[PDB]
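**Student:** Before I ask anything, let me first share the structure, which is written out below as structure tokens.
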Amino acid sequence: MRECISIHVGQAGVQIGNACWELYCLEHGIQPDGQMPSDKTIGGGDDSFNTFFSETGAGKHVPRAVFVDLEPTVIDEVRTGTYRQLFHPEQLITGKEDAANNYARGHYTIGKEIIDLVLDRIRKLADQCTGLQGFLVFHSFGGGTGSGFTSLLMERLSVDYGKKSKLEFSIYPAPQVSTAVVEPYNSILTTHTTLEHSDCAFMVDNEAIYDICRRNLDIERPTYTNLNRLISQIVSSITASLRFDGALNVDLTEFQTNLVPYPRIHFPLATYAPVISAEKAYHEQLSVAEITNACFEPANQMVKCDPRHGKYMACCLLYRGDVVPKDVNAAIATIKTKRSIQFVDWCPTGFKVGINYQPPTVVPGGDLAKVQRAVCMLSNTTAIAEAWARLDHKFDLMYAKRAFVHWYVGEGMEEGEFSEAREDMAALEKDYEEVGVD
Amino acid sequence: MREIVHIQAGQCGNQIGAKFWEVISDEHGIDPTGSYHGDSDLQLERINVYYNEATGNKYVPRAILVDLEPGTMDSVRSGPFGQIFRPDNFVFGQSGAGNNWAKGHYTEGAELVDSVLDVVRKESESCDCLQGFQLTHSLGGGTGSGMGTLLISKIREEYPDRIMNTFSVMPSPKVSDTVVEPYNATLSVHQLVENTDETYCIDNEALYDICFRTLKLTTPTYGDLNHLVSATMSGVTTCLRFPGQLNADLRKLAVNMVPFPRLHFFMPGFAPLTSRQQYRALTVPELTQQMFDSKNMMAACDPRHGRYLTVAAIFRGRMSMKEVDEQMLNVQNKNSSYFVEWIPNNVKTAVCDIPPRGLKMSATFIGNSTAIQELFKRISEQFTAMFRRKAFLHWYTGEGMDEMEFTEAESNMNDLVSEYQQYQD
Amino acid sequence: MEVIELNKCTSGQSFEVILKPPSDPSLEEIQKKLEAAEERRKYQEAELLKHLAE
Amino acid sequence: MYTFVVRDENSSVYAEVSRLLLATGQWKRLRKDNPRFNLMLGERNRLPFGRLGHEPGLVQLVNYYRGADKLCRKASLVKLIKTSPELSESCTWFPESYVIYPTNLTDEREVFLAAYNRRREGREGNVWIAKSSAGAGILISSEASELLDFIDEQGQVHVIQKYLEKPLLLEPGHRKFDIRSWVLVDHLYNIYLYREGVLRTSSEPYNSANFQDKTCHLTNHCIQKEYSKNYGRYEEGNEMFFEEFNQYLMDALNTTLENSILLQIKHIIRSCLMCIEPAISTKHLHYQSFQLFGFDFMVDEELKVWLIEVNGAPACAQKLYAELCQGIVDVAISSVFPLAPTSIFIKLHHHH
Ligand SMILES: Nc1nc2c(ncn2[C@@H]2O[C@H](COP(=O)(O)OP(=O)(O)OP(=O)(O)O)[C@@H](O)[C@H]2O)c(=O)[nH]1
Ligand SMILES: Nc1ncnc2c1ncn2[C@@H]1O[C@H](COP(=O)(O)OP(=O)(O)CP(=O)(O)O)[C@@H](O)[C@H]1O
Ligand SMILES: Nc1nc2c(ncn2[C@@H]2O[C@H](COP(=O)(O)OP(=O)(O)O)[C@@H](O)[C@H]2O)c(=O)[nH]1
Ligand SMILES: COc1ccc(Cl)cc1C(=O)NCC(C)C
Ligand SMILES: [Ca+2]
Ligand SMILES: [Ca+2]
Ligand SMILES: [Ca+2]
Ligand SMILES: [Mg+2]
Ligand SMILES: [Mg+2]
Ligand SMILES: [Mg+2]
């Protein structure tokens, strides 16, 4: 067994981390007080769930997580929330004033005076790991902390933990649920300094999570709780292989081996289905073919884009519930003959499939209904580059006039770091086009 | 615990600030004695942003009252909520400023400034984490203008990394105490362009016309103009006083509203504005159509004459947040020719459930429009109409100033206009 | 339509299907970047105070 | 008040639609870089589809189907026919075509020579035509050596397809011609055929013993108006419309345009568009698409219709600008952004 340490940076990271660990505990039968009646090894054991949870002599199962936020209002929710008993104070780090949506402020000004503290707290969680695999970093692109402090934390993690893998769960900025105009700057600043330090990054466009909540859950105006409860389902499906007995994606290294043949192009697109409303009278349960077929509909993708006009480099299918290999192959045969699935000629045209028989756990009283089977597809498509083009374009609109640039220079950044970061994106868009278009 | 320190200077500054604390104190359930008697927890959630908590559960406004004559502040203390202000926080002189900037900035004011900063330093030392300062004052007088800016110049020196916010009443000849108001305003505007992160421009003419034409007040008073500023001030600060994620603290609001350091002068706006047909429920489309109408704006600048750099709206009350988005997105998609296209998503919207006193719902408007240059163009044209003959300069030269310092303020604001002009094309 | 590497356990199983074959900065340098920005701030604040002294 | 932008100043078609939209007083035009729009009349090449459908509260619509180039490119159309089972290689209404890459750069060189040597050995007509998209540049020759040597002298992809040595000739004149049909596809993927087509005829008699002079073989409106000496003789602008052409088919051949040709054209359009529907449809897309196509057909002396090419950015016959443009607003734009007949199209029902 090998341990995985989770790191949540900024409000978005912290709140999403709350929704996940709430979900992990329901899935592994862990109670709010950290007790686990099913764990027969008291105070120890190297089971698959131990990759995310340590154990105390008293029988408590404590997440391997650290929460970092430059302002204490969001992390105070954790210290007094339902799962306060899970964490101990060392795990929750909070400043006194945030980064004001300014990457420079999170990375340089504030980040310099607190970076050495985070590493120490993380070092304390590493000292409990007999064979640490790496880290999962949750954060946002727009937030000053999620963008600015994360990129720094990643630069140092690659120095203190050289051989360890690092995966991101990044939140893509979406105006429908954002009040910050400079989030393009931050996103493009953080992607530049974080690129050579992250091995695999699952971007989630809030715009996508938003419309899925309005369309499938009939939420007229979804709250962050709604978006997070859904995002924690996707995250749960992606981390399940690490927390449950299995042979596919059993360690963080396998994520890069299976999904990222080229280093810079490490942004798999995630698709999830079905998303069914709990308030519904009673839904006709979908078959294996119907839910797999939905994985190629743009409405169910974590980032809105058209994979039909890209090329696949890899592709995984993670099933949970009543699914047997026989049914998986049948649906795939029928989808190839109907869909436009073009692979790059230097990669095989195949699917790695993993199945966990335990169906998805739904948060009691949440928005999602209990289904008997569900799937999550991770496909590395050049079509996700559409997201970068959108973002880079907005960056050019504001930067052409240097709007808001004085706020970054004022915290110590150089104006040259903008264009330097932008040129790195222009190269990232070029690598995508070199791989996909003819 | 993100506390704000309040300063109000001069006659206008203190009469507006007074009514301001009357309005929000009511919203937070604070009676004139400092005791809380509300019925909701949202009132106290962010209460310590503007109030200090004393013994016996008493709430004391974190406000400093400043003036060079006792008259105005003696009325505040005997006024409605006068007993709530900290006694020590009354710092005042006896000479007066005679509506002279030079007196408030160099002579009389300079004799009293160190003692005001002694109180500011005392309120700050008690803040767990100080956000920044907000000053209420007029620019056409002598104290709020001359000493007000002198205070900002010194607060920035002692607190260089805190946000400096001001509510500045701009002078207009149609609502005038003295002919020298353009002189005092031109001199202050330069200080603000240098040492303020955010200045809410409030033209007394715009306030006058709104009372005369829209509110059907046959003979407005300064009190009537101050009712608007009270409501407006209560509005723009809603983001700060209640649980909200949008424009939460002062620095985050600046990072989203000021794309250039010197263009930080906003046009505020309120809605509804109803004359006494006052009980009619106001719909969300009505709130939005009026909120953007120039007649509801308090800068006296026609927005359709310039372009919007950024916009922040705030809707208060129990309403359909879905219907708010539909209508906001409607106004943008119906007049996209007045919003700059090189700043994506430069129109944000925040919802609050607690409506102001007496209204089911309302909307407050905060605009960073280039049309504000019309305000500084009026002030400059009036400044030059007199300075070209050196009229009334003797009031200032007698206090130590030189004609050169006037020529500089002149060129400094003409620059400010030229700056707002290149971004309108 | 081939199925390879079928692994089965109590909690599920995983396999692979093939349809068609194919055809950093050191700690010293990060502290410098950080201190370099902390220096550009100190200089700008000095010019502000120098300006305020004048 | 719907808003739209214009990113193709050279489009004679949508230039009129823009004039009509503003004439309704309910559509407002914005600068070509304002993202807050309902409708985009986008550029031809590198149209930024990836930035569409990401504006909260705006339903956005564009006039180009992303991926339709697969049908409007010479080499792309040929590759689509030979690979798509819906069309198969044995497709009967598409000339035997081959994709040939110049030797300075898959490639069907040897496959073309095989069928070429089988025809040369069977005494059959062996006249082929070479062409490409990068043309105004065409060569008609019966010798394979000339066709190949011609492509190598260039530097872009070309296509060699069987030349229709037995084309239908109009009388009087003994002249060649082609038929243009405008087809519109709305966001719902309804296939509407414009009831009005045009015959771009050749004003020079057809001569089968001299492919060197390409004035009587090529029916392009620009070639006839520059190198032809009988331009505008038999009809105005070498453009005969469906009414006169239908009267001719009845007086000379004793048949109707509907029965002899229009049935085949309607079959071809359906099979081409239905094939690529699962690749370009915007049914569940965050934005909506609709596009106007221009099909070019050939007619042999047996009254069989052959598909020449498909145009993605077609122009219209001068006389038909008003009727067709207004129709575009009715079925493609107003259907999504309604305003506050006897349809001029012919819907081609199909299975989605
Ligand atoms: N999905 C999701 N997105 C969130 C959540 N909270 C914030 N965001 C997004 O994050 C972006 C803003 O970044 P934040 O995480 O709030 O900023 P931060 O990390 O706290 O850094 P600061 O600037 O110091 O506050 C916006 O685009 C929000 O849409 C959340 O709980 N769930
Ligand atoms: N296989 C074939 N047999 C006979 N004639 C052919 C032919 N292919 C092309 N032509 C002739 O060439 C003309 C069409 O050329 P083509 O369409 O390839 O070039 P182009 O695309 O620049 C013209 P347009 O785009 O306006 O339809 C027609 O007038 C037709 O007479
Ligand atoms: N809105 C409003 N404006 C005022 C009030 N009192 C004075 N003014 C304006 O402020 C300017 C004079 O400033 P004043 O406050 O008298 O100067 P000071 O007291 O010496 O600092 C004039 O332009 C007046 O129109 C008031 O109560 N309300
Ligand atoms: C200069 O005076 C004013 C300016 C503005 C307004 Cl709204 C009212 C007055 C006022 O009430 N003056 C009464 C006095 C002139 C007798
Ligand atoms: Ca155990
Ligand atoms: Ca590394
Ligand atoms: Ca004295
Ligand atoms: Mg924050
Ligand atoms: Mg006075
Ligand atoms: Mg053509």
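By convention here, the chains of the structure tokens are called A, B, ... in the order presented, each chain's residues are numbered starting at 1, and ligands are numbered starting at 1 in the order presented.
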Once you count only C-alpha atoms, what closest atom pair and distance in Å to one decimal does each residue of chain D within 10 Å of chain B have, with rows by chain and rising residue number, as CSV?
**Tutor:**
residue,atom,partner,partner_atom,distance
D:1,CA,B:334,CA,6.6
D:2,CA,B:334,CA,8.2
D:3,CA,B:333,CA,7.7
D:28,CA,B:334,CA,9.0
D:30,CA,B:337,CA,7.7
D:31,CA,B:337,CA,8.9
D:33,CA,B:341,CA,7.9
D:34,CA,B:341,CA,6.2
D:35,CA,B:341,CA,8.1
D:36,CA,B:333,CA,6.5
D:37,CA,B:333,CA,7.8
D:38,CA,B:333,CA,9.3
D:55,CA,B:345,CA,9.3
D:56,CA,B:329,CA,7.5
D:57,CA,B:329,CA,6.2
D:58,CA,B:329,CA,8.3
**Student:** Mind listing as a PDB file with N, CA and C atoms, in the first residue's frame which residues of chain D are within 9 Å of chain A, counting only C-alpha atoms?
**Tutor:**
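Below is the file that was written, out-v3.pdb:
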ATOM      1  N   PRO D  48     -13.326  30.841 -35.589  1.00  0.00           N
ATOM      2  CA  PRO D  48     -13.089  30.385 -34.210  1.00  0.00           C
ATOM      3  C   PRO D  48     -14.306  29.747 -33.555  1.00  0.00           C
ATOM      4  N   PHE D  49     -14.666  28.532 -33.980  1.00  0.00           N
ATOM      5  CA  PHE D  49     -15.817  27.856 -33.387  1.00  0.00           C
ATOM      6  C   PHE D  49     -15.650  27.694 -31.882  1.00  0.00           C
ATOM      7  N   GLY D  50     -14.416  27.481 -31.421  1.00  0.00           N
ATOM      8  CA  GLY D  50     -14.176  27.167 -30.022  1.00  0.00           C
ATOM      9  C   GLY D  50     -14.605  28.249 -29.051  1.00  0.00           C
ATOM     10  N   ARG D  51     -14.813  29.473 -29.533  1.00  0.00           N
ATOM     11  CA  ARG D  51     -15.218  30.585 -28.686  1.00  0.00           C
ATOM     12  C   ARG D  51     -16.721  30.839 -28.725  1.00  0.00           C
ATOM     13  N   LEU D  52     -17.491  29.955 -29.353  1.00  0.00           N
ATOM     14  CA  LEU D  52     -18.927  30.135 -29.505  1.00  0.00           C
ATOM     15  C   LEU D  52     -19.693  29.421 -28.397  1.00  0.00           C
ATOM     16  N   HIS D  54     -20.442  30.513 -25.241  1.00  0.00           N
ATOM     17  CA  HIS D  54     -19.894  30.662 -23.897  1.00  0.00           C
ATOM     18  C   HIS D  54     -20.248  32.021 -23.294  1.00  0.00           C
ATOM     19  N   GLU D  55     -21.380  32.597 -23.697  1.00  0.00           N
ATOM     20  CA  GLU D  55     -21.841  33.865 -23.143  1.00  0.00           C
ATOM     21  C   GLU D  55     -23.118  33.648 -22.345  1.00  0.00           C
ATOM     22  N   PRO D  56     -23.101  33.857 -21.030  1.00  0.00           N
ATOM     23  CA  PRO D  56     -24.295  33.573 -20.221  1.00  0.00           C
ATOM     24  C   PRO D  56     -25.497  34.379 -20.693  1.00  0.00           C
ATOM     25  N   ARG D  66     -19.112  23.445 -38.532  1.00  0.00           N
ATOM     26  CA  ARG D  66     -17.745  23.005 -38.293  1.00  0.00           C
ATOM     27  C   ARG D  66     -17.565  21.579 -38.799  1.00  0.00           C
ATOM     28  N   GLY D  67     -16.588  21.383 -39.683  1.00  0.00           N
ATOM     29  CA  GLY D  67     -16.345  20.089 -40.278  1.00  0.00           C
ATOM     30  C   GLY D  67     -16.982  19.880 -41.633  1.00  0.00           C
ATOM     31  N   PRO D 278     -23.934  12.960 -38.321  1.00  0.00           N
ATOM     32  CA  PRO D 278     -23.412  12.660 -36.977  1.00  0.00           C
ATOM     33  C   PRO D 278     -22.060  13.292 -36.685  1.00  0.00           C
ATOM     34  N   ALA D 279     -21.443  13.974 -37.648  1.00  0.00           N
ATOM     35  CA  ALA D 279     -20.148  14.606 -37.436  1.00  0.00           C
ATOM     36  C   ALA D 279     -20.233  16.118 -37.283  1.00  0.00           C
ATOM     37  N   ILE D 280     -21.247  16.751 -37.867  1.00  0.00           N
ATOM     38  CA  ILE D 280     -21.361  18.205 -37.858  1.00  0.00           C
ATOM     39  C   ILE D 280     -22.619  18.701 -37.165  1.00  0.00           C
ATOM     40  N   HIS D 284     -27.120  18.815 -29.845  1.00  0.00           N
ATOM     41  CA  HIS D 284     -26.884  18.941 -28.412  1.00  0.00           C
ATOM     42  C   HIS D 284     -25.628  19.756 -28.129  1.00  0.00           C
ATOM     43  N   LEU D 285     -25.308  20.692 -29.013  1.00  0.00           N
ATOM     44  CA  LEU D 285     -24.121  21.520 -28.876  1.00  0.00           C
ATOM     45  C   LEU D 285     -24.456  22.814 -28.144  1.00  0.00           C
ATOM     46  N   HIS D 286     -23.446  23.393 -27.492  1.00  0.00           N
ATOM     47  CA  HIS D 286     -23.667  24.631 -26.755  1.00  0.00           C
ATOM     48  C   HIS D 286     -23.994  25.802 -27.673  1.00  0.00           C
TER      49      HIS D 286
END
**Student:** So which residues are near ligand 2, meaning at most 6 Å away with only C-alpha atoms and all ligand atoms counted, given back as JSON, numbers by chain?
**Tutor:** {"D": [131, 135, 136, 161, 162, 163, 164, 178, 217, 218, 219, 220, 296, 308, 309, 311]}
**Student:** Restrict the selected residues to N, CA, C and O atoms and save them as a compact mmCIF listing (two decimals), in the first residue's frame.
**Tutor:**
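Output saved as part.txt:
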# COMPACT_ATOMS: atom_id res chain seq x y z
N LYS D 131 -7.61 18.69 -61.39
CA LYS D 131 -8.03 19.94 -60.78
C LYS D 131 -7.67 19.92 -59.30
O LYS D 131 -7.20 18.91 -58.77
N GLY D 135 -7.28 26.53 -57.19
CA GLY D 135 -7.43 27.09 -58.52
C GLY D 135 -8.34 28.31 -58.53
O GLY D 135 -9.02 28.63 -57.55
N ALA D 136 -8.34 28.99 -59.67
CA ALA D 136 -9.15 30.20 -59.84
C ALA D 136 -10.63 29.89 -59.64
O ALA D 136 -11.24 29.20 -60.45
N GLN D 161 -10.26 12.87 -61.91
CA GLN D 161 -11.51 12.13 -62.01
C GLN D 161 -11.88 11.98 -63.48
O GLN D 161 -11.48 12.77 -64.33
N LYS D 162 -12.66 10.93 -63.76
CA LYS D 162 -13.08 10.66 -65.12
C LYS D 162 -13.80 11.86 -65.71
O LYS D 162 -14.73 12.41 -65.10
N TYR D 163 -13.37 12.28 -66.89
CA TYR D 163 -14.05 13.36 -67.61
C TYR D 163 -15.29 12.80 -68.30
O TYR D 163 -15.23 11.74 -68.93
N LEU D 164 -16.41 13.50 -68.17
CA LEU D 164 -17.67 13.05 -68.76
C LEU D 164 -17.63 13.36 -70.25
O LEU D 164 -18.01 14.45 -70.69
N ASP D 178 -23.47 23.17 -66.67
CA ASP D 178 -23.57 22.57 -65.35
C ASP D 178 -24.75 23.20 -64.62
O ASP D 178 -25.23 24.27 -65.01
N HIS D 217 -15.28 23.45 -72.72
CA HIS D 217 -15.35 22.37 -71.76
C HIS D 217 -15.65 22.84 -70.34
O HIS D 217 -16.34 22.13 -69.60
N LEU D 218 -15.17 24.02 -69.96
CA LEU D 218 -15.38 24.56 -68.62
C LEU D 218 -16.53 25.56 -68.66
O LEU D 218 -16.54 26.48 -69.48
N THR D 219 -17.49 25.38 -67.75
CA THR D 219 -18.70 26.20 -67.71
C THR D 219 -18.66 27.25 -66.61
O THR D 219 -19.70 27.81 -66.26
N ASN D 220 -17.48 27.54 -66.07
CA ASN D 220 -17.37 28.54 -65.02
C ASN D 220 -17.79 29.91 -65.55
O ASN D 220 -17.43 30.31 -66.66
N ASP D 296 -22.82 21.50 -57.45
CA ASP D 296 -22.62 21.55 -58.90
C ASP D 296 -22.79 20.15 -59.46
O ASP D 296 -22.19 19.19 -58.95
N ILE D 308 -20.27 17.00 -59.27
CA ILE D 308 -18.95 17.57 -59.55
C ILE D 308 -18.26 17.91 -58.24
O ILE D 308 -17.26 17.27 -57.87
N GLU D 309 -18.77 18.91 -57.53
CA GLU D 309 -18.21 19.32 -56.25
C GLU D 309 -19.31 20.00 -55.44
O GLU D 309 -20.42 20.22 -55.93
N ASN D 311 -19.81 23.48 -52.90
CA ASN D 311 -19.23 24.76 -52.50
C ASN D 311 -19.75 25.16 -51.13
O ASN D 311 -20.96 25.16 -50.89
**Student:** Counting only C-alpha atoms, which residues of chain A come no farther than 10 Å from chain C, as a PyMOL selection string?
**Tutor:** chain A and resi 104+107-109+111-113+152+155-156+158-160+162+196-197+244-249+316-325+328-329+332-333+336+343-358+409-414
**Student:** Residues of chain C near chain B: apply a cut-off of 10 Å, count only C-alpha atoms, and supply the list as a VMD selection string.
**Tutor:** chain C and resid 45 48 to 53
**Student:** Please find the residues contacting ligand 5 at a distance of at most 7 Å between atoms, with only C-alpha atoms and all ligand atoms counted, and report them as a PDB file with N, CA and C atoms, in the first residue's frame.
**Tutor:**
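Produced file result-v1.pdb, reproduced below:
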ATOM      1  N   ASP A  39     -13.648  -1.555   9.493  1.00  0.00           N
ATOM      2  CA  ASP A  39     -12.210  -1.766   9.618  1.00  0.00           C
ATOM      3  C   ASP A  39     -11.935  -2.642  10.833  1.00  0.00           C
ATOM      4  N   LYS A  40     -11.550  -3.895  10.589  1.00  0.00           N
ATOM      5  CA  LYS A  40     -11.279  -4.820  11.681  1.00  0.00           C
ATOM      6  C   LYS A  40      -9.875  -4.665  12.248  1.00  0.00           C
ATOM      7  N   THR A  41      -8.960  -4.046  11.504  1.00  0.00           N
ATOM      8  CA  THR A  41      -7.628  -3.728  12.010  1.00  0.00           C
ATOM      9  C   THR A  41      -7.692  -2.369  12.701  1.00  0.00           C
ATOM     10  N   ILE A  42      -7.639  -2.377  14.029  1.00  0.00           N
ATOM     11  CA  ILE A  42      -7.760  -1.159  14.822  1.00  0.00           C
ATOM     12  C   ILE A  42      -6.386  -0.520  14.973  1.00  0.00           C
ATOM     13  N   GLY A  43      -6.281   0.748  14.582  1.00  0.00           N
ATOM     14  CA  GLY A  43      -5.042   1.479  14.741  1.00  0.00           C
ATOM     15  C   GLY A  43      -3.966   1.150  13.736  1.00  0.00           C
ATOM     16  N   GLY A  44      -4.323   0.553  12.607  1.00  0.00           N
ATOM     17  CA  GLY A  44      -3.332   0.209  11.607  1.00  0.00           C
ATOM     18  C   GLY A  44      -3.931  -0.677  10.542  1.00  0.00           C
ATOM     19  N   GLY A  45      -3.145  -0.886   9.498  1.00  0.00           N
ATOM     20  CA  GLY A  45      -3.544  -1.706   8.367  1.00  0.00           C
ATOM     21  C   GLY A  45      -3.139  -1.023   7.077  1.00  0.00           C
ATOM     22  N   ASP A  46      -2.864  -1.833   6.054  1.00  0.00           N
ATOM     23  CA  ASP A  46      -2.473  -1.303   4.754  1.00  0.00           C
ATOM     24  C   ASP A  46      -3.513  -1.640   3.691  1.00  0.00           C
ATOM     25  N   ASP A  47      -4.786  -1.395   3.992  1.00  0.00           N
ATOM     26  CA  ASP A  47      -5.858  -1.628   3.039  1.00  0.00           C
ATOM     27  C   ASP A  47      -5.896  -0.511   1.999  1.00  0.00           C
ATOM     28  N   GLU A  55      -4.821   5.932  10.624  1.00  0.00           N
ATOM     29  CA  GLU A  55      -5.576   5.404  11.751  1.00  0.00           C
ATOM     30  C   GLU A  55      -4.856   5.709  13.057  1.00  0.00           C
TER      31      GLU A  55
END
**Student:** Quick check, in Å to one decimal: how far apart do atom CA of residue 35 of chain B and atom CA of residue 86 of chain B lie?
**Tutor:**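 These two atoms are separated by 14.0 Å.
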**Student:** So, counting only C-alpha atoms and all ligand atoms, which residue among B:221, B:196, B:126, B:247 is closest to ligand 8?
**Tutor:**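 Closest to ligand 8 of all the choices is B:247.
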**Student:** Record the distance separating atom CA of residue 38 of chain B and atom CA of residue 20 of chain B, expressed in Å with one decimal.
**Tutor:** 18.3 Å
**Student:** Please give me, as a PyMOL selection string, the residues lying within 10 Å of ligand 7 when counting only C-alpha atoms and all ligand atoms.
**Tutor:** chain B and resi 93-95+107-112
**Student:** Go ahead and save the picked residues with N, CA and C atoms, as a compact mmCIF listing (two decimals), in the first residue's frame.
**Tutor:**
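Here's the written file again.txt:
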# COMPACT_ATOMS: atom_id res chain seq x y z
N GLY B 93 -11.57 71.75 16.15
CA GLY B 93 -10.93 73.00 16.50
C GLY B 93 -11.94 74.09 16.82
N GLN B 94 -11.51 75.34 16.67
CA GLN B 94 -12.40 76.47 16.93
C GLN B 94 -12.27 77.59 15.91
N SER B 95 -11.25 77.58 15.06
CA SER B 95 -11.02 78.70 14.15
C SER B 95 -11.91 78.63 12.93
N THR B 107 -2.64 75.50 7.15
CA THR B 107 -2.55 76.34 8.33
C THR B 107 -3.42 75.75 9.42
N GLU B 108 -4.71 76.08 9.49
CA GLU B 108 -5.54 75.59 10.58
C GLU B 108 -5.52 74.06 10.65
N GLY B 109 -5.78 73.40 9.52
CA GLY B 109 -5.82 71.94 9.52
C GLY B 109 -4.53 71.32 10.03
N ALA B 110 -3.39 71.87 9.62
CA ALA B 110 -2.11 71.27 10.00
C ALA B 110 -1.90 71.33 11.50
N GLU B 111 -2.52 72.30 12.17
CA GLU B 111 -2.40 72.40 13.62
C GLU B 111 -3.19 71.32 14.34
N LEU B 112 -4.20 70.75 13.70
CA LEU B 112 -5.07 69.75 14.32
C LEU B 112 -4.88 68.36 13.75
